[PDB]
Each structure stands twice: as structure tokens, then as C-alpha cells.
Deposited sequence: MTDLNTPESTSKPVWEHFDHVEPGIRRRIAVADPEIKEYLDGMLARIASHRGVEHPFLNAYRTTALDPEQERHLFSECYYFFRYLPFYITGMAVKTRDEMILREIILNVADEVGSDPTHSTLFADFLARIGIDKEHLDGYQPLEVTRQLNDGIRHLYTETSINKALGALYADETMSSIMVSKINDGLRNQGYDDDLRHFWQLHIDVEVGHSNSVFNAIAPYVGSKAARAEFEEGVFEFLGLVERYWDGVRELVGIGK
């Protein structure tokens, strides 16, 4: 079926439209993130932003691995494994690089352990775990497609804000760290309208969590 799907010009057209719908979604093109690109923060504002990011990011590599039990498709497993291998395959791992960045901007492990993140942050982290491990493979692939498309944009915006704050490229290294492979894997799963409905449900449930997350963070840091 994948060998038929990759040959269907309509499937390429559909997934290209979903790329644009994701990138233009308010959860990705968020006012707070665009504001942060040009608005420096004071120490307490910056401490709040990246402490919430820590609880957003925590244990996400383990959540996507829970998708593998729901499929027997090796192209799907390859995409999952490739993403996790990028995060933990070598040293330093991504989470180790993130904790180092936090320490270099005055947010140490001791403060993070005592930090109580927003409920929308807990709902985002738990919501991602639910989408990858407790939903249909088509729905989970929609969330994965949204995650993969968004992540690069989001980190570029935070990289912009940190550069505007005055940090050098070395400090911002964590935020300055396959399209055909991702298209090849997903194509057979967006053929029928029922599969696309599950696919889009996962895309917009994922992005809805991110949007409500950035809404809560925006109020916490303010302006």
C-alpha cells in the first residue's frame, strides 16, 4: 500500500497542505514566541519561560517509543527510532545539553526540582505521551507529523529570542541543532478520508496543547 501511496500525487498534495497548516497554526506561529524574538526578558521572566520548557520537554524521547507497540510497519519504527537516536544515541544527549543551557542562564537542577510548572505544561507533557502511546496509529502519526514539523520552527524562534537577549552562538547551541523519509513512511496512512480524519485529529490535538501551553506561558512571563 505504501508503494501505491508514494506514487499518488494527491497524497503529496495533501501532506504539503498539512505542512503549511501546521506552520501557520497559532500554536506554532504564536504571538508570545514572535514577541520573545524581539523582546528581552528580565531574570525572573526568563526563569519562568525555560522552567516551563523543562517540564514541557521532560521524557519526551520515552513517549514516542511507546508508539512502536501499536504498529508492525518497519518504516514507522525507523522514523521513531531515528528521532530517539538523535536525542539519546550519543553523548552529550539532548537532555544533557538542555540542562547545561539552563545552568548557564541561572536555572540549576535544585531550582527545577522545586519548581511547580503550569497545569497547561503538565497537560502538554502528558498530552504528548497520550497521543503517542494510547491513540490509533493514524492519530499518533498525525501528532508525530505535527511534532516533527513544529519543533524546528519553535526552536528557531527561541533561538532568535535568546540571540536578541544577547547570548552568543555557543550558549544557544542547544537551540541550533528525512523529509522524504517522513513522507515515505506516512503516505500509506493518509489515503482514505477516515484515516485522514484520524491523522488530522492527531495533528490538531497536538498543536492545540502547544497553543494553550504558550498561552499560559505568555501570561506567566507577561510583557
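In this chain, the deposited residues that lack C-alpha positions fall in the ranges 1-25, 203-209, 256-257.
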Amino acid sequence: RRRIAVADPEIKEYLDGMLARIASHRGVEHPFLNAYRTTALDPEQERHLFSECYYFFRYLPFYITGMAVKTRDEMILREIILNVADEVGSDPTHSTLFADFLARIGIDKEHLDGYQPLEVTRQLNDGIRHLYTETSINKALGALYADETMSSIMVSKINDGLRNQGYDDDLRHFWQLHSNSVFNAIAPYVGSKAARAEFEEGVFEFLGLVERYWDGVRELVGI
From here on, numbers count along this sequence of modelled residues.
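When the mean C-alpha temperature factors of 140-148 and 83-91 are read from the deposited coordinates, 83-91 comes out higher. As listed in the deposited structure, the average C-alpha B-factor of 48-56 and of 61-69 is greater for 61-69.
Based on the entry's C-alpha B-factors, the most elevated value among 155, 177, 33, 186 belongs to 177. Ranked by Cα temperature factor within the chain, residue 173 sits in the highest third according to the deposited record. Residue 114 sits in the highest third of its chain by CA B factor, as recorded in the PDB entry. The PDB entry assigns residue 200 a C-alpha temperature factor belonging to the middle third of its chain's modelled residues. Per-chain ranking of the deposited C-alpha B factor places residue 37 in the lowest third. Among the modelled residues of the chain, residue 120 sits in the middle third by CA temperature factor in this PDB entry.
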